Amino acid sequence: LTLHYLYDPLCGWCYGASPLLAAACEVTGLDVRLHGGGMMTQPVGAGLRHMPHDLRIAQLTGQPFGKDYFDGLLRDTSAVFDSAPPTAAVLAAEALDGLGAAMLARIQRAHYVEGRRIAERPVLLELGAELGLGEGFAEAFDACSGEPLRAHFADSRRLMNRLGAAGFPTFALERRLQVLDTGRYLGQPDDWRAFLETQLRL
Ligand SMILES: *SC[C@H](NC(=O)CC[C@H](N)C(=O)O)C(=O)NCC(=O)O
């Protein structure tokens, strides 16, 4: 039984679903695969900022948003919302140490809580070194940024296409593929964990 997670690091609703990914990774016997879809492959300014989701995500999921994000990053004209570098960091963390899910959660915290520029290589290398990957992560990240990332995006978008999935977050359970009702479980990680346990029982 495999849980496929189609995500994008710059998708606010994926951050709202971060507790669901964390809860899923605690279910014994359940395999979890990450699929980055490449949502933004935008400079920060008038167009990118026009946020009203974010406070709604916080109301629904309890996920925190930091002042350095609201009043720092989203106000920084020279920041770029690029989904490719953070996705390559997730790929590299998974390739090096099987820490893809942990790296995605850390990336989202760096962006939404800390207001860091997750599209920049030094920030992603700093996050990898925080997770204890400083030996080899730089080379793995640069390697994953090229043709591995491109192939990963193409694979993810073909999966989205076959499932009729319009966007992120999207969870699909493979036993045969079944897309799950993620909106039902937003803000309910304990319900979500029990649902995945109940699927193993059935
Ligand atoms: S965060 C990027 C967008 N995600 C959603 O709109 C999800 C909606 C919530 N899950 C919900 O309504 O409960 C997105 O993917 N938009 C379409 C796109 O492909 O850009």
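Note that these values count all heavy atoms, side chains included, but never hydrogens, waters or copies made by symmetry. Order of listing sets the numbers, starting from 1, for every ligand and every atom in it. Positions are given from 1 along the sequence.
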Closest approach of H35 and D155, non-hydrogen atoms and distance?
ND1-OD2, 4.4 Å
If you take the centroid of each ring, where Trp contributes its six-membered ring, are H53 and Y15 closer together than 6.0 Å?
no
Does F153 sit in a hydrophobic cluster with other residues, and if so which ones, taking ILVMFWY side chains as linked at heavy-atom separations under 4.5 Å, directly or through other members?
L91, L149
Is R106 paired with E114 through a side-chain N to carboxylate O contact shorter than 4.0 Å?
yes
Salt bridge check, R116 against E126: does any charged N sit closer than 4.0 Å to a carboxylate O?
yes
Could you pull out the N/O contacts under 3.5 angstrom between ligand 1 and the surrounding protein atoms?
unit_1: ligand 1; atom_1: 4 (N); unit_2: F168; atom_2: O; d: 2.6
unit_1: ligand 1; atom_1: 15 (O); unit_2: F168; atom_2: N; d: 3.2
unit_1: ligand 1; atom_1: 19 (O); unit_2: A166; atom_2: O; d: 3.1

Test ring pair (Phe, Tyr, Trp, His ring centres under 6.0 Å), reference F171, set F195, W192, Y185, output is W192
